[PDB]
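Engineer: Before we start, here is the structure in question, set down as structure tokens.
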Amino acid sequence: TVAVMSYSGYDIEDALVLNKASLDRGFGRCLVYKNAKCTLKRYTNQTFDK
Amino acid sequence: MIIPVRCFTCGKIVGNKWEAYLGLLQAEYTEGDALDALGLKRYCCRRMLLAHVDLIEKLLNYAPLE
Amino acid sequence: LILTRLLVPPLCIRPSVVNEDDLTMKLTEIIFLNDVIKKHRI
Amino acid sequence: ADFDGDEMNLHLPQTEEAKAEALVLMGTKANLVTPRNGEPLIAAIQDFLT
Amino acid sequence: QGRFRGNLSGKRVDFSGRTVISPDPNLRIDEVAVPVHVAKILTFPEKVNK
Amino acid sequence: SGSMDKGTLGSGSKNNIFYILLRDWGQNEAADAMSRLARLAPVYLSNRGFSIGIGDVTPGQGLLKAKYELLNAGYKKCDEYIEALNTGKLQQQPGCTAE
Amino acid sequence: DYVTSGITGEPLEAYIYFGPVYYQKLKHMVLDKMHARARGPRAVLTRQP
Amino acid sequence: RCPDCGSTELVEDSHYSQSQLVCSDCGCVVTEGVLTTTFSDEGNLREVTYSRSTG
Amino acid sequence: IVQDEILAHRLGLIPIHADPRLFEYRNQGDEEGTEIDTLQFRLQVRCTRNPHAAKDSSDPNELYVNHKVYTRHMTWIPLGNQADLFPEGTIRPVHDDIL
Amino acid sequence: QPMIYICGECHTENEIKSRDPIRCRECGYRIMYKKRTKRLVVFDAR
Ligand SMILES: [Mg+2]
Ligand SMILES: [Zn+2]
Ligand SMILES: [Zn+2]
Ligand SMILES: [Zn+2]
């Protein structure tokens, strides 16, 4: 729900104002997923990681 | 994924409207008549149900089950 | 102005893994060719 | 700068001499006019003109 | 990437930070707002005296 | 008298009021006045209200008639020039050949 | 639309253009870009950060 | 062993970006700073089998 | 399928039917709380296949039982002497339909 | 006592506790997932 107006002067050069309560009600919520991995391998000599 | 509980803009409870909305649509209503029947007046609230995509139904088909 | 010796640069300006830096490869191939020509002329 | 996702760097001088030189020669208040022809650069901007 | 262009004439320094920028018209024209997180990392060595 | 605009507040040129302050009374006065303006203008404007809408860009009525007449006149004139050229009647402007 | 101010409680002096627009959030976030260095590892060939 | 208090409770620890070896009982710093190769040379790595490197 | 953080956020927004004029603000720390400044609910549901399902194997409302978690599965857990002061049925979620 | 990995296809509990190569006990699948933790975790509903 956008309103096109000048307000508070914290929106001068393409910055924009966001309503706090909408953010508290789930507006713009997001999830970030990241992955890590490891390998255990057997060497030529009969020895291995553990 | 799943219907949000409260309308973002004004804080009205819309989380309990999804099943009723689908039922009224199933009765050959139109979206306007269904939304007015449920009592959602402010257009900041009608978009909460008119523009929802129910991904949980499709996601659960890939979920593990016995 | 005509060269007959070369200073091999110190280790610190050519780290352990470039495994080793290419200047080391050039130096080793030069010395290899030197040994080849020496023994072959003899 | 225009606040469309831009980034800026920042340095912290580690000496009293550097501090004094930065403050006296690079101060913002001492650089209100550009040296090309002596015209102001730091003045009001959009939405302060309106 | 040679020595003269890349290393001697311009080089990397420490005690410096980078971040996005945003507006704040409640400051003077000679102040900048620094996050508390970055204030805790950069350090200035003060000599002790009377 | 007058009303303030880019030529008297903006970073264009001299006659800027902050420039006058800087040159006649010092750096501190200009730096103070800039912050005073930056704090005062938003309080007025954000409570007065100022917006742009589609109504501000919809064309008027008489503009449509004027544009229609202008388009017709220009197209007709162009057609007569091309007519003059293709039959050779066109007078060659004394700076270049006909094209 | 006729709009009433929320700080002063008094009507505004111009009708405000109001309505819904589709907004999308890009992948760039400030939390992933804040970075600062005081002292740390240095290269081997040239002892620079 | 910590040269200042002689205790053996040395712990390897890094501050925000600075790696160091700190006596966990008196706060002394015994060794700080590391020198590590970067990507600019990471792209150039070759291989020589040691058997080859040994003749 | 719902993540823990999203699920907790969703549970945060459910209005409760207690009277806030009979409780005090919880002091800083003391996460345990006590009977004078907290309420407790317990949610516990498990989904299982319906033993009496027909062969249609097509309607989710018949294949499974407790496949939808509504807000009516939350049970008030009295704490301290609250069981006497608040008569049965006064402490509950307001709406009872929220999915 | 031995630890349980859930098979990725039939979801039958399997115990390995050895260097035995990964493979399900009932089906042929070769992917396993750890069970959820038993400790409780506290979240803020904000
Ligand atoms: Mg930009
Ligand atoms: Zn609403
Ligand atoms: Zn010590
Ligand atoms: Zn299996």
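Labeling convention for the structure tokens: chains A, B, ... as they appear, residues from 1 per chain, ligands from 1 in order of appearance.
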If the limit is 9 Å from any atom of ligand 4, counting only C-alpha atoms and all ligand atoms, which residues qualify? Return them as JSON, numbers by chain.
Structural biologist: {"J": [6, 7, 8, 9, 10, 11, 12, 13, 14, 23, 24, 25, 26, 27, 28, 29, 30, 31, 32]}
Engineer: Just need the residues of chain C within 9 Å of chain H, counting only C-alpha atoms, so spit them out as JSON, numbers by chain.
Structural biologist: {"C": [15, 17, 18, 19, 20, 21, 22]}
Engineer: Using only C-alpha atoms, which protein or nucleic acid residues come within 10 Å of residue H:36? Drop anything in the same chain fewer than 2 positions from it, and give the result as an MDAnalysis selection string.
Structural biologist: (chainID G and resid 41:45 47 49) or (chainID H and resid 33:34 38)
Engineer: Please, could you write that set of residues out with N, CA, C and O atoms as an mmCIF file, in the first residue's frame?
Structural biologist:
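To be explicit, this is the file written out as out_32.cif:
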data_model
loop_
_atom_site.group_PDB
_atom_site.id
_atom_site.type_symbol
_atom_site.label_atom_id
_atom_site.label_comp_id
_atom_site.auth_asym_id
_atom_site.auth_seq_id
_atom_site.Cartn_x
_atom_site.Cartn_y
_atom_site.Cartn_z
ATOM 1 N N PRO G 41 45.739 -10.992 8.451
ATOM 2 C CA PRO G 41 46.717 -11.719 7.638
ATOM 3 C C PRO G 41 47.304 -10.850 6.539
ATOM 4 O O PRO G 41 46.683 -9.897 6.068
ATOM 5 N N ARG G 42 48.526 -11.195 6.133
ATOM 6 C CA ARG G 42 49.259 -10.470 5.107
ATOM 7 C C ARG G 42 49.804 -11.447 4.077
ATOM 8 O O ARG G 42 50.142 -12.586 4.400
ATOM 9 N N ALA G 43 49.902 -10.988 2.835
ATOM 10 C CA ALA G 43 50.410 -11.845 1.777
ATOM 11 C C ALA G 43 51.872 -12.194 2.039
ATOM 12 O O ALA G 43 52.553 -11.565 2.849
ATOM 13 N N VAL G 44 52.350 -13.220 1.345
ATOM 14 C CA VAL G 44 53.711 -13.707 1.552
ATOM 15 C C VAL G 44 54.704 -12.988 0.652
ATOM 16 O O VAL G 44 55.735 -12.497 1.118
ATOM 17 N N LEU G 45 54.422 -12.917 -0.651
ATOM 18 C CA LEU G 45 55.381 -12.324 -1.577
ATOM 19 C C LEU G 45 55.614 -10.854 -1.251
ATOM 20 O O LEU G 45 56.758 -10.415 -1.098
ATOM 21 N N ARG G 47 54.474 -8.129 1.640
ATOM 22 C CA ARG G 47 53.841 -8.126 2.952
ATOM 23 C C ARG G 47 52.774 -7.045 3.037
ATOM 24 O O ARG G 47 52.945 -6.041 3.736
ATOM 25 N N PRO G 49 48.269 -6.360 3.202
ATOM 26 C CA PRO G 49 47.020 -7.029 3.578
ATOM 27 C C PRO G 49 46.393 -7.788 2.418
ATOM 28 O O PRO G 49 46.632 -7.489 1.248
ATOM 29 N N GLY H 33 50.152 -12.585 14.157
ATOM 30 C CA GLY H 33 50.350 -12.340 12.742
ATOM 31 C C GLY H 33 50.700 -13.585 11.954
ATOM 32 O O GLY H 33 51.524 -14.393 12.393
ATOM 33 N N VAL H 34 50.079 -13.750 10.786
ATOM 34 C CA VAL H 34 50.333 -14.883 9.906
ATOM 35 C C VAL H 34 50.540 -14.369 8.490
ATOM 36 O O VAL H 34 50.069 -13.286 8.128
ATOM 37 N N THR H 38 47.371 -15.990 -1.225
ATOM 38 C CA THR H 38 46.040 -15.536 -1.611
ATOM 39 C C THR H 38 45.633 -16.146 -2.956
ATOM 40 O O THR H 38 46.377 -16.917 -3.569
#
Engineer: Which neighbours of stretch 7-17 of chain D fall inside 7 Å, counting only C-alpha atoms, when residues of the same chain fewer than 5 positions from it are skipped, and could you give them as a VMD selection string?
Structural biologist: chain E and resid 15 to 21 44
Engineer: What residues have any atom no more than 7 Å from ligand 2 when counting only C-alpha atoms and all ligand atoms, and can you list them as number ranges by chain?
Structural biologist: B: 7-12, 42, 44-45
Engineer: One decimal, in Å: what's the spacing between atom CA of residue D:42 and atom CA of residue F:11?
Structural biologist: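 Computing it gives 6.2 Å between the two atoms.
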Engineer: May I ask you to write as an NGL selection string all residues lying at most 7 Å from ligand 1, with only C-alpha atoms and all ligand atoms counted?
Structural biologist: :D and (1-6)
Engineer: Show me which residues are within 6 Å of ligand 3 counting only C-alpha atoms and all ligand atoms, and format the list as a CSV table (one decimal) with C-alpha atoms, in the first residue's frame.
Structural biologist:
chain,number,residue,atom,x,y,z
H,2,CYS,CA,53.8,-18.0,29.0
H,4,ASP,CA,55.3,-13.6,31.8
H,5,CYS,CA,53.7,-15.9,34.3
H,6,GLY,CA,55.2,-19.3,33.4
H,7,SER,CA,51.8,-21.0,33.3
H,23,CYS,CA,48.2,-16.9,27.7
H,25,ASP,CA,45.8,-16.7,32.6
H,26,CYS,CA,47.5,-13.3,32.2
H,28,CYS,CA,50.0,-11.8,27.3
Engineer: Write out as an NGL selection string the set of residues from chain D that DSSP, computed on the backbone, places in strand (DSSP E).
Structural biologist: :D and (7-11)
Engineer: Out of chain H, which residues get helix (DSSP H, G or I) from DSSP, as an MDAnalysis selection string?
Structural biologist: chainID H and resid 39:42 50:53
Engineer: Please find the residues of chain H near chain E - the criterion being any atom within 10 Å, counting only C-alpha atoms - and write them as a ChimeraX atom specification.
Structural biologist: /H:15-17
